[PDB]
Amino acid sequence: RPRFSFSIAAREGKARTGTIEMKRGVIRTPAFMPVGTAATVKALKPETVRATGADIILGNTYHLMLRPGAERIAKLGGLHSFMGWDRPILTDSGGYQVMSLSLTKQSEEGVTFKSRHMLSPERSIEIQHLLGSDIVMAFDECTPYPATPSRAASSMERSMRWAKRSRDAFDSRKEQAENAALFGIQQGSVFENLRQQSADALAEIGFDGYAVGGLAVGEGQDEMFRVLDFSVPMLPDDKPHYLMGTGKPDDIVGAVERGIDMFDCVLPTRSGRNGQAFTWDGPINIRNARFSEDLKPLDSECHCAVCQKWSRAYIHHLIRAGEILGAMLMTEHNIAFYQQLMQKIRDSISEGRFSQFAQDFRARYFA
């Protein structure tokens, strides 16, 4: 397999389906990436993550540099070996904590977090090298929402300067440049002209893929969709488009309708541990007393191992009792559900009936 090759097999309107080939494996798109922030997809063995259908998982520069340490992971043979996942890993650059943990001194050089730690385009790229990430994100600044046009512009301009520095850092590291891929991240808040400037800047630098950054930060679905409407067409058509931090199933569906190829969110894992289970008729809260004697599986159509074997009643008991198997079963099902969602999306695009699928999905999910 090549370092990186993205091929589009089918389209319907702005939506597309295809594959990313990398050295550690093939990624089917549109893809959902389970989040493995602390070098584990919470409450799941990697074999189980794979069994649900995941092709790639997400790691995090910020968290892994704090614990257990980037250099330590490298000494131990890299993140893949460490956690026992041998397929592709995408790592975020720490740019989102630059905003969410704002503990912080910011400058053109980078960000200092307070023990004190530094992040910069160069250090972020180096850390992702130490981890051995397959898909490296540029170091950026996720602009807070809401932002004035002036502040959004200043922030986006700094991010584009940091994007160039990330590109150069990545390329100066021979082994990284030859074996991994680098994605740039578009910023510009909700403003069309700034999104355009950012897209132009990123394309001039040149990346393997392009993420839409700065969204899923409280703007709401209407506004996110409005921004995607003009923003995704700005990006190179022949490269993958990654919407960072999205999201709920309806968000994913609408985003694919608008040209997005890649997704990540903690929702299936986190909310799984909190008792929310996704079904084709919408989410349920398994803690609810109405499930105490319900012998049906979490979802009536789901093909996952959890739904093959255990009842709502049992999982209800486990979650109420705070039992670890509760978290395990809920999380496996929720991740399996998301992967079944992506599979149905890929198949419907391949067959030219994605518009109808979107319509059918929503009618039932929000009944």
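Quick note: we count residues from 1 along the sequence shown, nothing fancier.
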Unmodelled deposited residues between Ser102 and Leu103, binned: 1 to 3
Deposited but uncoordinated residues in the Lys114/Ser115 interval: 4 to 9
Entry-level comparison of average CA B-factors, 300 to 308 and 24 to 32, reporting the higher stretch: 300 to 308
Between 274 to 282 and 143 to 151 (mean CA B-factor, as deposited), the higher: 143 to 151
Residue with highest C-alpha B-factor in the PDB entry, from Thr37, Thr331, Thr48, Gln339: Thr37
Per the PDB entry, which option out of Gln221, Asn179, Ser189, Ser133 has the greatest Cα B factor? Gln221
Rank-wise, by C-alpha B-factor, drop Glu157 into the lowest, middle or highest third of its chain. middle
Based on the deposited C-alpha B factors for this chain, I'd like to know if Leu202 is in the lowest, middle or highest third. middle
Lowest, middle or highest third: which one holds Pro249 when the chain's residues are ordered by CA B-factor from the entry? middle
For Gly214, the third of its chain into which the C-alpha B factor falls: middle
Ranking the modelled residues of this chain by C-alpha B-factor as given in the entry, is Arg346 in the lowest, middle or highest third? lowest
